[PDB]
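Peer 1: Quick one: the structure is below, and I'll ask about it shortly.
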Amino acid sequence: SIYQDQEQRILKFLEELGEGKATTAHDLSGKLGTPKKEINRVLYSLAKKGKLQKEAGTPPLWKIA
Amino acid sequence: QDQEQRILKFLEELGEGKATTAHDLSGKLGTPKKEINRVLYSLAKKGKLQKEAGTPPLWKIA
DNA sequence: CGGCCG
DNA sequence: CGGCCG
């Protein structure tokens, strides 16, 4: 599934960045060439489950929990 | 422009005392809520429309 | 400007 | 659930 392809590309990217480090949906969107909206829906969904950790701020930071 | 007059026209044919949400607006003019809100927030900044902060927010003739 | 939202 | 936002 595409949606699942995009969740994995996102996880793969965050894991490659490293478990500590975090980035913004914007960088993610840019690097994966996927609209920011679609990146945030996955980002917040993966976080809603507990896979990713969202650090509040503006704009929010995202890293593998 | 055409949208500014439509929205204001509906908010007129409605009643300067009675407000309304963008949603009722967007689904009454066959237009995206994004458009409605763009116009709405613009018309209010100019003073032509009045916004009552809320959730949802209500708009009426100023 | 945070916006994920459908 | 507020979202207008490019």
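Each chain in the structure tokens gets a letter, A, B, ..., in the order shown, and its residues are numbered from 1; ligands are numbered from 1 in order too.
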So which bits of chain A end up alpha helix (DSSP H) when you DSSP the backbone, as number ranges by chain?

Peer 2: A: 2-17, 25-32, 36-49

Peer 1: List the neighbours of residue 1 in chain D out to 9 Å using only C-alpha atoms (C1' of nucleotides); skip same-chain residues closer than 3 positions along the sequence, and give me the result as JSON, numbers by chain.

Peer 2: {"B": [55, 56], "C": [5]}

Peer 1: List the spatial neighbours of range 6-14 of chain A as number ranges by chain - criterion: any atom at most 10 Å away, only C-alpha atoms (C1' of nucleotides), same-chain residues fewer than 4 positions off excluded.

Peer 2: A: 1-2, 18-23, 25, 28-29, 31-32, 34, 38-39, 41-43, 45-46, 51-52, 62-65

Peer 1: I need the residues from that last selection saved to file as a compact mmCIF listing (two decimals), in the first residue's frame (with N, CA, C and O atoms), if you can.

Peer 2:
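Written out: selection-v6.txt:
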# COMPACT_ATOMS: atom_id res chain seq x y z
N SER A 1 0.81 -1.27 0.00
CA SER A 1 0.00 0.00 0.00
C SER A 1 0.83 1.30 0.00
O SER A 1 1.81 1.43 0.74
N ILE A 2 0.43 2.27 -0.82
CA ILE A 2 1.16 3.53 -0.87
C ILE A 2 1.27 4.18 0.51
O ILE A 2 2.35 4.56 0.94
N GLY A 18 18.94 8.95 12.66
CA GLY A 18 19.43 8.51 13.96
C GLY A 18 18.36 8.63 15.02
O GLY A 18 17.62 9.61 15.04
N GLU A 19 18.28 7.64 15.90
CA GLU A 19 17.27 7.63 16.97
C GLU A 19 17.21 8.87 17.86
O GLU A 19 16.16 9.19 18.42
N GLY A 20 18.33 9.56 18.01
CA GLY A 20 18.32 10.76 18.82
C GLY A 20 17.70 11.91 18.05
O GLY A 20 16.59 12.33 18.33
N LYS A 21 18.44 12.39 17.04
CA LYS A 21 18.04 13.51 16.18
C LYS A 21 16.57 13.56 15.72
O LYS A 21 15.92 12.53 15.56
N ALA A 22 16.08 14.78 15.50
CA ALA A 22 14.70 15.01 15.07
C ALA A 22 14.63 16.06 13.95
O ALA A 22 15.56 16.86 13.78
N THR A 23 13.55 16.04 13.18
CA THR A 23 13.39 17.04 12.12
C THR A 23 11.94 17.48 11.96
O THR A 23 11.05 16.99 12.64
N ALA A 25 8.34 18.35 9.70
CA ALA A 25 7.51 17.77 8.65
C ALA A 25 7.92 18.37 7.31
O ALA A 25 7.85 17.71 6.26
N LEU A 28 11.01 16.75 6.03
CA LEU A 28 10.54 15.42 5.65
C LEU A 28 9.83 15.51 4.30
O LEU A 28 10.14 14.78 3.36
N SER A 29 8.86 16.42 4.23
CA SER A 29 8.11 16.68 3.02
C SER A 29 9.07 16.97 1.85
O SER A 29 8.94 16.39 0.77
N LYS A 31 12.46 16.37 1.56
CA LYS A 31 13.33 15.24 1.29
C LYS A 31 12.66 14.05 0.63
O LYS A 31 13.28 13.35 -0.14
N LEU A 32 11.39 13.81 0.93
CA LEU A 32 10.70 12.68 0.34
C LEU A 32 9.83 13.09 -0.82
O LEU A 32 9.19 12.25 -1.44
N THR A 34 6.99 14.61 -0.87
CA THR A 34 5.61 14.25 -0.60
C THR A 34 5.00 15.46 0.10
O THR A 34 5.56 15.98 1.05
N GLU A 38 0.21 15.38 3.65
CA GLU A 38 0.29 13.93 3.73
C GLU A 38 1.39 13.44 4.68
O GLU A 38 1.29 12.35 5.23
N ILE A 39 2.42 14.27 4.88
CA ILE A 39 3.51 13.91 5.79
C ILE A 39 3.04 14.10 7.22
O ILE A 39 3.37 13.29 8.09
N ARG A 41 -0.10 13.92 8.32
CA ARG A 41 -1.12 12.96 8.67
C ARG A 41 -0.45 11.66 9.12
O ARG A 41 -0.90 10.99 10.05
N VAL A 42 0.65 11.31 8.47
CA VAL A 42 1.36 10.11 8.84
C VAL A 42 2.14 10.38 10.11
O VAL A 42 2.19 9.55 11.02
N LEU A 43 2.77 11.54 10.18
CA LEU A 43 3.55 11.88 11.36
C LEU A 43 2.71 11.80 12.62
O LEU A 43 3.14 11.20 13.62
N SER A 45 -0.16 10.27 12.93
CA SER A 45 -0.76 8.95 13.08
C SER A 45 0.27 8.02 13.73
O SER A 45 -0.06 7.26 14.64
N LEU A 46 1.51 8.09 13.26
CA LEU A 46 2.56 7.26 13.84
C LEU A 46 2.79 7.68 15.28
O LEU A 46 3.19 6.86 16.10
N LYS A 51 4.89 5.27 17.93
CA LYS A 51 6.12 4.96 17.20
C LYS A 51 7.09 6.15 17.19
O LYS A 51 8.29 6.00 17.43
N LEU A 52 6.56 7.33 16.89
CA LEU A 52 7.36 8.55 16.84
C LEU A 52 7.03 9.44 18.03
O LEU A 52 5.95 9.34 18.60
N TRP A 62 10.11 16.07 15.00
CA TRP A 62 9.74 14.66 15.02
C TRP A 62 10.94 13.73 14.97
O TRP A 62 11.82 13.91 14.14
N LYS A 63 10.98 12.75 15.86
CA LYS A 63 12.07 11.77 15.91
C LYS A 63 11.60 10.35 16.31
O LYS A 63 10.53 10.17 16.92
N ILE A 64 12.39 9.35 15.96
CA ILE A 64 12.02 8.00 16.35
C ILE A 64 12.12 8.00 17.87
O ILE A 64 13.19 8.27 18.44
N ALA A 65 10.99 7.71 18.50
CA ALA A 65 10.86 7.69 19.96
C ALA A 65 11.96 6.90 20.69
O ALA A 65 12.81 7.56 21.35

Peer 1: Show me, as a ChimeraX atom specification, the residues that have an atom within 9 Å of residue 8 in chain B when counting only C-alpha atoms (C1' of nucleotides), minus same-chain residues fewer than 3 positions from it.

Peer 2: /B:3-5,11-13,43,48-49,60-61

Peer 1: Grab the residues selected above and save them as a compact mmCIF listing (two decimals), in the first residue's frame with N, CA and C atoms.

Peer 2:
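What follows is the written file again08.txt:
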# COMPACT_ATOMS: atom_id res chain seq x y z
N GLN B 3 -16.47 36.35 -5.27
CA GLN B 3 -16.79 35.65 -4.04
C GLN B 3 -17.10 36.59 -2.89
N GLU B 4 -16.41 37.72 -2.84
CA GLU B 4 -16.64 38.70 -1.78
C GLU B 4 -18.07 39.22 -1.85
N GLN B 5 -18.55 39.49 -3.06
CA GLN B 5 -19.90 39.99 -3.24
C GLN B 5 -20.96 38.92 -2.98
N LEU B 11 -24.96 37.13 3.26
CA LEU B 11 -24.95 37.63 4.63
C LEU B 11 -25.89 38.83 4.73
N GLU B 12 -26.37 39.28 3.58
CA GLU B 12 -27.29 40.40 3.53
C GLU B 12 -28.70 39.81 3.45
N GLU B 13 -28.89 38.90 2.50
CA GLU B 13 -30.18 38.24 2.30
C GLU B 13 -30.51 37.43 3.55
N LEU B 43 -12.39 39.99 4.40
CA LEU B 43 -13.48 40.95 4.51
C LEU B 43 -13.59 41.48 5.92
N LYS B 48 -15.37 45.09 6.61
CA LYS B 48 -16.63 44.85 5.91
C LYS B 48 -17.48 43.76 6.57
N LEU B 49 -16.81 42.82 7.23
CA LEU B 49 -17.50 41.73 7.92
C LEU B 49 -17.06 41.71 9.37
N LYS B 60 -20.88 37.98 10.20
CA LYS B 60 -22.07 38.75 9.88
C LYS B 60 -21.66 40.10 9.29
N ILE B 61 -22.60 40.77 8.64
CA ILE B 61 -22.34 42.09 8.07
C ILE B 61 -21.90 43.02 9.20

Peer 1: Work out how far apart CA of residue 44 in chain B and CA of residue 59 in chain B are and give it in Å to one decimal.

Peer 2: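 Computing it gives 8.4 Å between the two atoms.
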
Peer 1: Kindly determine which residues of chain D lie within 9 Å of chain B, considering only C-alpha atoms (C1' of nucleotides), and give the answer as a PyMOL selection string.

Peer 2: chain D and resi 1-4

Peer 1: Convert the current residue selection to file output with N, CA and C atoms (P, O5', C5', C4', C3', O3' and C1' of nucleotides), as a CSV table (one decimal), in the first residue's frame.

Peer 2:
chain,number,residue,atom,x,y,z
D,1,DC,P,-12.4,21.8,19.5
D,1,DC,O5',-12.4,21.8,17.9
D,1,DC,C5',-12.1,23.0,17.2
D,1,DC,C4',-12.4,22.8,15.7
D,1,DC,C3',-13.8,22.3,15.4
D,1,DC,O3',-14.2,22.8,14.2
D,1,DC,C1',-12.2,20.8,14.6
D,2,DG,P,-15.1,24.2,14.2
D,2,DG,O5',-14.2,25.3,14.6
D,2,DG,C5',-13.2,25.8,13.7
D,2,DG,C4',-12.3,26.8,14.4
D,2,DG,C3',-11.1,27.2,13.5
D,2,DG,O3',-11.4,28.4,12.9
D,2,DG,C1',-10.4,26.6,15.8
D,3,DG,P,-11.5,28.4,11.3
D,3,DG,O5',-9.9,28.4,10.8
D,3,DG,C5',-9.5,29.0,9.6
D,3,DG,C4',-8.6,28.0,8.8
D,3,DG,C3',-9.4,26.7,8.4
D,3,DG,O3',-8.9,26.2,7.1
D,3,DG,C1',-7.7,26.0,9.8
D,4,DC,P,-9.7,26.5,5.8
D,4,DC,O5',-9.4,28.0,5.5
D,4,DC,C5',-8.2,28.4,4.9
D,4,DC,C4',-8.2,30.0,4.9
D,4,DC,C3',-6.8,30.6,4.6
D,4,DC,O3',-7.0,31.1,3.2
D,4,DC,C1',-7.7,31.6,6.6

Peer 1: Just need the residues of chain A within 8 Å of chain C, counting only C-alpha atoms (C1' of nucleotides), so spit them out as a list in words.

Peer 2: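 Listed by rising number, the hits are residues 37, 40, 41, 43, 44, 57, 58, 59 and 60 of chain A.
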
Peer 1: Apply DSSP to the backbone of this structure and, from chain B, keep only the residues in strand (DSSP E); write these as a list in words.

Peer 2: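 Put together, the selection reads residues 49, 50, 51, 52, 58, 59, 60 and 61 of chain B.
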